[PDB]
Every structure is written in structure tokens, then in C-alpha cells.
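Working through the structure, step by step
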Amino acid sequence: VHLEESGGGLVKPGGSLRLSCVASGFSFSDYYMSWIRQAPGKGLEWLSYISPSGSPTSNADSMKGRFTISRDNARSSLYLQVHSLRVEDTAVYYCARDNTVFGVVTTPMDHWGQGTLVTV
Amino acid sequence: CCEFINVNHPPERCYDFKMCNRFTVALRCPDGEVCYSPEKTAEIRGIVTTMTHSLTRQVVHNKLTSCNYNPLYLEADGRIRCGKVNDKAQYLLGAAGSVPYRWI
Amino acid sequence: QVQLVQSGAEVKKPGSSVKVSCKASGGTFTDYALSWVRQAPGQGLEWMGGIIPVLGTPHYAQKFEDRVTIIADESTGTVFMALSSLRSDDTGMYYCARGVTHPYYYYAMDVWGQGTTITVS
Amino acid sequence: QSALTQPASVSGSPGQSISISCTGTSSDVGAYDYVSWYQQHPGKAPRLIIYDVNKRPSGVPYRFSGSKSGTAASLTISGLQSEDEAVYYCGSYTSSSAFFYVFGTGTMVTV
Amino acid sequence: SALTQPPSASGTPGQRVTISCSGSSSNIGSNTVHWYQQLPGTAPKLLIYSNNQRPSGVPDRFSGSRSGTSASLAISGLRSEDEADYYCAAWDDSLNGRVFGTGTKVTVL
Amino acid sequence: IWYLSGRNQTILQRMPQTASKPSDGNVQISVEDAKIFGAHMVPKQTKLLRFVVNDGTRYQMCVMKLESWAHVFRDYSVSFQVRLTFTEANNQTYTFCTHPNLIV
Amino acid sequence: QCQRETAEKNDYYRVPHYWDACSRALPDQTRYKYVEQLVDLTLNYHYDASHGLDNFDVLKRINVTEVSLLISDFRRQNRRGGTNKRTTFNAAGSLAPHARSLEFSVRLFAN
């Protein structure tokens, strides 16, 4: 098991950039992977997950409509795209692998990748 | 109940299910008692429904004795209640669409 | 009363096959169920398989599906065991068994043969 | 289960009544009933002393007495004599996909 | 973060730390609680993945516990490697999503 | 051709259409065909036939009992009554064959 | 008929045979075809039986599902093919704890 993220750094406000996560060690395409952003000040808030071969599931009721999660199961890769890059969206991002049992979620976030910092 | 709750790979030929706590289901399968517990309740049915066709009528009848061999409905949080005729047939235990008979 | 008579004792080299035969008397052969119970000297009893004659499907255990075959041929009350790929764990005491109370349903194990010894070393 | 959970040995004294227990699952014992018992002397074939749960054939003695409560089963042997020194097994019909008959691990009752 | 935790806690090397995570009937009262530990400067690590279940690699001195619509994390025999950040998480059906806690600080002196 | 002599008489072709309609008039047959039906039919017979059904991971063996009466009355009116009952082969209660609990 | 008002008030208690007493009534185009096929099969069998050539292959065409559904919907209401002057066909069902019976009488007339 290994999860490597990329696609961060210093991005100007008003743009859009995609954060990518690559999984390794396992290639059955049955993975319930999720993303988490964490603003500086050490606060974790859940963003979203996605079905192992299907539709994404929306954000929490704090704020919505800004985050999209895409999959490339040929690459076994996960992606997040932000709608707009507000200055409060400077944060470190984690991709997490959940492996499903019979289509439901078991073992939530037992493997986290290296966080990727986005400055805006 | 189990002491190992989410460590087993998906089983194949299970024959019983049991509720030990409000979150963990225990599937009695030929490899033993494989337990599972999801993040949420109202998704235990997604695990139990995959093995409902292997249940016999005596196991169903002793899952709820006072219901008099009527088909059982699986609730979302894993509980058993007595079925009703307008309940969904996929979530009903022991009812059938076609009787699998054969002549000798 | 129903009586059960098995075959003789057998010594088997590893990598062989065994053809254990069992005969019965004094009962309804087809309606009732027959089974084969094996015990090692250091182990308890173990149901491995059986057949109800003229039903079309002998029943096998999951530890014996690829090796044990059951034949219920001949007009008499006989039954035949062909087991392949003999190992050292297959040495033990084998019992023909049959029920006389409830037909067709494997409910109780009524009459027992005197047993045979299959020894592999 | 792969076998009914049964004690290793019970060594009650002569002149007393002893109880042998048997715990199985709710898909083997307590759902289907049919809790059979078997007797083995060291040289002899196994012998059915109790079938169904409490039915006792005319060919076996009157002293045996079997019962089932919940998923557990009991055999009370009253007035122990020297003939009872034997291995006692349990057995049941099952809904298991692996096999059709479950056999207990056997208790060595030594008098 | 709709799950409420105290901001910080303090301890002694070899002592016990009790972390409380509170919620309502919509998030803990229906769905499980998972505790995650993040050491300072590392990716977060799973500590308890059910109401009382440890993964492989987590020592037996970490223990999870449950009370109604709330959860507790107990660390026995505190060391310097336990000085991290701890986050409780639970699924909410009303909001339909995963909810984390505010955050706890466990300081060992 | 004794077996083929009364194979296609009008009563045996009219009764399936009579049982499948709410009304079939007041007269359908004649007296010679009624005499043929009286000559070609046994007063009573009963058969037992055996069928297995798949109950979960197990099976249940059951019996159809099919008994029938055939009669011709004094007013040259024919009758053919059939009783078909289902039983469990060892007299067990609330089984799969007695109560399949079908859903239509 | 089915007392649906108090049959399902309790979620764990049922009177026996709740399912067949309160199932959906069969459509007419299905029920009448079932009755016609059953009458044809039993009539061909009875003719072959009175001849003595026991052609029991026609009993293999009898469907257990169809006959059990006919018993289920004939139990509460007895459908009849009754003409205004005299009855021609009628049927009834019987449900027991240990048995499940279907009865019908077909009467043709020459007057």
C-alpha cells in the first residue's frame, strides 16, 4: 500500500488546479477513496469520497458546490478539482484509501498519503 | 460476538447471520464466524442481503419464533420484524417467487 | 432389523485409490439415506459423504469433493467408494452408516457397520 | 461450526448421575432439532443411544436421558455402572454449506 | 466540524489520557466512531477504527469506548511518542457525510 | 383402437372450456356422449407422486396426492371431480411445500 | 376475508397463514388459464387411468406454483362458473398446518 499525491504549491486566486493521488500495491479497482483538506491551525474537515467504480458523493452542509472528485481506474488514480480558489482554500490535502466490503464502507481511512500543500 | 471485527476478506458460501451488538453482524460461513461492521448503520442490509438465499426455513423460523412461519422483513439497522405483503420482495426472508420443485 | 456389512481391511501405498464396498440387508434401500463416517486414531468422528439411492445426487463434504466419488450401482443394497490421492492423514477407521427412522433427510445415524481400516504409510 | 463444542472427558463416580453438555450454533442445534448421540466402546462400532432429541430406541438401556435447551444439549446418565466407560459423541443435521452432518468432539466418560 | 472536543489535555510519562468526543443522536447515535492520530509533521494515522477496535501496529494501550452519542479514547502509559493531535470522526445521516472533531492536544511533560 | 376410441369425445373437450368460463349455458352435451363417458371412466382413483423442493441450502421431500371421481347421473349429466392435496413426506408441519409463502 | 386492520399492528406477532390470507388476488386471465390447464391435465390423466395405461408423464406438467396459488386465492373466495339456472364449475381451497388441498367440481348437462 502506497499513496502519493501531487499538484500543489503556490497558485494565484481565481484559478483552478487539480490534485492527483496515485495508489500502489493493489489494483482490483474496488477502492472507496476519499479526500481531506486541512487548513493551517491543525483542523481536519471531511471533503468527499467516491464509489469504487461509480458516482461521487457530495460534501458536508458547511459549504457545497466547490469540490469535485474524479477517478481514473486505468491509472488507479484519484483527483480533486476546486471550483474557485478562495484565499481560505490554502490547506494541505490528504488522499485516503478505503477498501469496500460488499459495496459498503469498512475500515475508513486506514491508509493516508503524504499531504500536499496548496497556497493561495 | 467476535473479537476480530473487520479483518477478514469477503467470504463465499455463508449460511447464517447473527446480530451481536447494534453495529456488528456475524456471518456464519464455512471458514468460521466472519464479522463485519460498517461506518454507518442502515447499511448492514447490504452485507446480509448477499447471503439471504442460503437461509433455510428453520433458521428463519428461529430468528423470530412468535411470527408463525411468515416471511421476515430485514430492517435497515439489521433488526428482524414480521413481514407485510406490500414490503419489498428483495428484503423479505423465506418468501419465494417460484417454488423450485422437481419430479422424480 | 437392518444389518450392515463392510469390506475388509486395506493397506494402501501413497498415490493410490481405494474402492471400499458396503452392503445392507433387511430394509428399504432407496428411500433411506446412507453415509460414510471417518475417524483418525487421534481424531473424532467426521461425516464425509453419503447418498440416498435413486435420487441422482450423492452429497459430498467440502473437504472431500475432489477425491471422494460415491456409486450406488447393482440391484443389491451395495454402495462403492472410490477415493483418489491417498495421503497419510487418510489413515483411519471408516464406518458405513444408515438411518432407519426418517427417510430421505439425514436426520439420525441408526445402523453402523463394523468398520474398515484404511492404512497409508 | 466445524464440530460441536464438547468437553474432553467427564469422570463422574459410580452410583451418581452425570451430565454431558454440548454447545453448537443456531444453524446446527436448536433450529433443526434432531440432536443425536452416539456411544463407542474401544473395539466396537458406534451405537445410537438417543435420536431426535429424546427418543430412545428399544435396543438401548433405559438409563440414558437427553434434552435440549437453547443451543445447548445435555445427556444425564443416572446410576453409573462399569459398562458406561466409553466415548460419547453428539451429532446434528445442519444448514452448513460445507457438509450435512455435524459430529461432536467426543467425551471420554471413565467410570 | 460538528463534533465537539476540549481543546487540549496534559499528562505525565506513563500516565493516562482520556479524550472525549461529543455529538448528537444524528451522528454518533447511529454510526460508528473512528479515532485518528496525527503526529506533528506527519500524515494522520488510524488509531481506532470501530467503537473498540485497533488495527495492526497500534499498541494495546490505546483503547476506544462508547457512551450513547459520545465516545472516549484512553491512552494508558503515556510516552513522548503519544504527543500528537487526535481527531474523532463519525458519519452523520442528517447532513449525510463524515464529520470530524475540533481537535485535541495531548502534552506529555 | 380401444384407447383411441373415446380419446376425443365432446365432453373431454368441453369441460376445460367450461371450467375456464363464468358461464357455459344450460345444455352442452347429449345422452349418447354421457353414456360413452359413463362407460369409459372409473368411479374413483387416487395416486401419490413425489417431488423434491430446494429449501435454502437444504431440501424438502413432499407428496402430491391426486384423487378423482367420475360419475354419470340419472338425468344423463356427467361429473368429474378432482381433489389435489399437498403433504410433507414424513408429516412435518409448516414446511415449504405446505406453505411456500409466494408473492404475486 | 383478511382482517387487514389488526393483522399487522404488531411488528413481531402474526396469526398463522397471514401471507396467503392477505396476498394479492390473482388476475382473471391468469386464474382461468391455470384452471383450464389443471382440468386438462387431470382429465387426460383420469382417462389414461381408466384405460389402465398409466401415463404419469402428464402429472409432470402440473405446476406446484400454479396449484399453490390457486389454493391461496380460492381459500378466501370460492370462484364458480355458475349459470343462472344451474352451476357448471366451482372450486374451493383448503389450508391446514400439515396439508394444502385444492377441490373443484365440473358438471356438464344434456338437458
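Residues numbered from 1 in each chain as written, not as in the entry; some residues may be left out. Chains lettered and ligands numbered in written order. Heavy atoms only, no water.

As documented in the archive entry, the model was determined using cryo-EM at 3.4 Å resolution.

**A short note on helix α1 (residues 10-19) of chain F**
To be explicit about the condition: Classification of residues uses two cut-offs on accessible area relative to the type maximum, computed with a 1.4 Å probe and protein chains only: under 20% is buried, over 50% is exposed, and between them is partly exposed. Only DSSP runs of H or I with at least four residues qualify as helices, and only runs of E with at least two residues qualify as strands; both kinds are numbered from the N terminus onward. Arc definition: directions from the helix axis to the C-beta atoms. Only heavy atoms enter the contact rule, under which two residues are in contact if any of them lie within 4.5 Å.
Taken as a whole, α1(F) has its buried residues at F:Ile11, F:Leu12, F:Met15, F:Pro16, F:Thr18 and F:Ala19. One face of α1(F) carries all of its buried residues, which in axial projection span an arc of 160°. Summarising the contacts, the buried residues of α1(F) are in contact with α2 (31-40) and β3 (78-88) of chain F together with α3 (28-51), β2 (87-95) and β3 (99-108) of chain G.

**Some thoughts on the interface of chain F and chain D**
Which entries qualify depends on this criterion: Buried area: the accessible area, evaluated with a 1.4 Å probe, that two parts lose upon being put together, summed over both parts. Think of a salt bridge as a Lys or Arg side-chain nitrogen and an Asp or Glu carboxyl oxygen that are within 4 Å of each other. Under the rule applied, a polar contact is a pair of N or O atoms within 3.5 Å (in protein, one hydrogen donor and one hydrogen acceptor; residues adjacent in sequence only if both atoms are side-chain atoms). Each residue receives one of three labels: charged for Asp, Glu, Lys and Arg, nonpolar for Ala, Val, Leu, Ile, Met, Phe, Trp, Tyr, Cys and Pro, and polar for the others, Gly being one of them.
Facing the four residues of chain F at the interface are eight residues of chain D. Of the roughly 440 Å² buried between chain F and chain D, counting both surfaces, carbon and sulfur atoms make up 41%. For chain F, the biggest contributors to the area lost against chain D are F:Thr57, F:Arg58 and F:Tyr59; these three give 90% of the whole. Summed over the shared surface of chain F and chain D, the number is zero salt bridges. In this assembly, chain F and chain D are joined by four residue pairs in polar contact. For the side of chain F that touches chain D, the residue count by class is one nonpolar, two polar and one charged.

**A few points about the sheet that holds strand β2 (residues 17-22) of chain E**
All names here are of chain E. What counts, and what does not: Any two strands with at least two DSSP bridges between them are considered paired. Interaxial angles span 0 to 180 degrees and are taken between N-to-C directions of axes, which are lines fitted to C-alpha atoms, for helices over the stretch in contact.
As summarised here, the arrangement of the three strands in space is β2-β6-β5, forming an open sheet in which the pairing is antiparallel. In this open sheet, the two strands that pair with only one neighbour each are β2 and β5 (62-67). Going from strand to strand, the sheet's axes swing by 20° on average, the running direction of each strand aside. Where β2 and strand β6 (residues 70-75) come together, six bridges link them in antiparallel fashion. Pairing of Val17 across the sheet is with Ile75, part of β6.

**Quick word on the environment of E:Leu46**
Note that E:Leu46 resides in strand β4 (residues 45-48). Looking at E:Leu46, the relative accessible area reads 4%, which means it is buried. C-alpha separation for the pair E:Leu46 and E:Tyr87, spaced 41 residues apart in sequence, amounts to 9.8 Å. Residues contacting E:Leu46, with those up to four places away along its chain left out, are A:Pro108, A:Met109, A:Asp110, E:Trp35, E:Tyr36, E:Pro55 and E:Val58.

**A closer look at the arrangement of the chains**
Most contacts, compared over the 11 pairs of chains touching, are made between chains F and G. At their nearest point, the C-alpha atoms of chain A and chain D are still 20 Å apart, with no contact between the two. In this view chain E stays clear of chain F, with the nearest C-alpha atoms of the two still 32 Å from each other.

**Observations regarding the state of the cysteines**
How we decide: When the sulfur atoms of two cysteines come within 2.5 Å, that pair is taken as a disulfide.
Scanning the entire structure with this criterion turns up nine disulfides over all chains. Covalently, B:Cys67 is tied to B:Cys82 through a disulfide, its sulfur atoms 2.0 Å apart. Highlighted residues: B:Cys67 in the loop between α2 (57-63) and β4 (72-74) and B:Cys82 in strand β5 (residues 80-82), separated in sequence by 15 residues. Taking relative accessible area as the criterion, B:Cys82 reaches 0% and is therefore assigned buried. Each disulfide pairs two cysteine sulfurs, and for C:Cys22 the partner residue is C:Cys96, the sulfurs being separated by 2.0 Å. Residues C:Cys22 and C:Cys96 are joined through a disulfide that is left-handed, its torsion about the S-S bond being -100°. You can see C:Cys22 sitting in strand β3 (residues 18-25) and its partner C:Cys96 sitting in strand β9 (residues 92-98), a full 74 residues away along the chain. Summarising the burial analysis for this pair, C:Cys22 and C:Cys96 share the class buried. By sequence-ordered numbering of the bonded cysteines, chain B has its disulfides arranged as 1-4, 2-6, 3-5, 7-8. In this structure D:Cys22 is not part of a disulfide, and its nearest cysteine sulfur, from D:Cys90, lies 3.7 Å away.

**Details of the side chain of F:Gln28**
Along the polypeptide, F:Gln28 turns up in the loop between α1 and α2. When its relative accessible area of 11% is taken as the criterion, F:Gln28 is described as buried. Engagement of the side chain of F:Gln28 in a polar contact is seen with the backbone oxygen of F:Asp24, the distance being 2.6 Å. Contacts of F:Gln28, omitting those with residues within four sequence positions, involve F:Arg14, G:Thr88, G:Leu108 and G:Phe109.

**What to know about the pairing of strand β6 (residues 72-77) of chain D**
Working note: regular strand, side chains alternate between the two faces of the sheet. Residue and element names in this part refer to chain D. Burial of β6 is one-sided: the residues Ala73, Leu75 and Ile77 facing one way are buried, the residues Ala72, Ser74 and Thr76 facing the other way are not. The pairing of strand β2 (residues 18-23) with β6 spans six bridges and is antiparallel. Paired with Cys22 across the strands is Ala73, a residue of β6. With four bridges connecting them, strand β5 (residues 66-69) and β6 associate as antiparallel partners.

**Some details on the pattern of salt bridges**
Summed over all chains, the structure comprises 32 salt bridges over all chains. Where B:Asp16 meets B:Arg28, a salt bridge forms, and the shortest distance between an N and an O atom there is 2.4 Å. On the criterion of sequence distance, the pair formed by B:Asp16 in strand β1 (residues 16-19) and B:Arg28 in strand β2 (residues 25-29) is long-range, its members being 12 residues apart. Here the two residues B:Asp16 and B:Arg28 agree in accessibility, since each one is buried. Note that G:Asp57 is salt-bridged to G:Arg61, the shortest N-O span being 3.4 Å. A relative accessible area of 37% means that G:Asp57 is categorised as partly exposed. Beyond isolated ion pairs, a larger network of salt bridges with shared partners links C:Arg38, C:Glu46, C:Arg67 and C:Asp90.

**Focus on the interface of chain G and chain F**
Across the contact, 57 residues belong to chain G and 64 residues belong to chain F. Between chain G and chain F the total buried area reaches about 5500 Å² when both faces are included, carbon and sulfur atoms providing 62% of it. Contact with chain F buries surface across chain G, with G:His46, G:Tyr47 and G:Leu108 losing the most and accounting together for 15% of the total. A salt bridge links G:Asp54 to F:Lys47; the shortest N-O distance between them is 2.8 Å. Joining chain G to chain F, the criterion identifies 31 residue pairs in polar contact. Taken together, the elements giving at least two residues each to the side of chain G that touches chain F come down to α3, α4 (64-74), β1 (80-82), β2 and β3 of chain G. Counting residues per element, the side of chain G that touches chain F draws most heavily on α3(G), at 16 residues.

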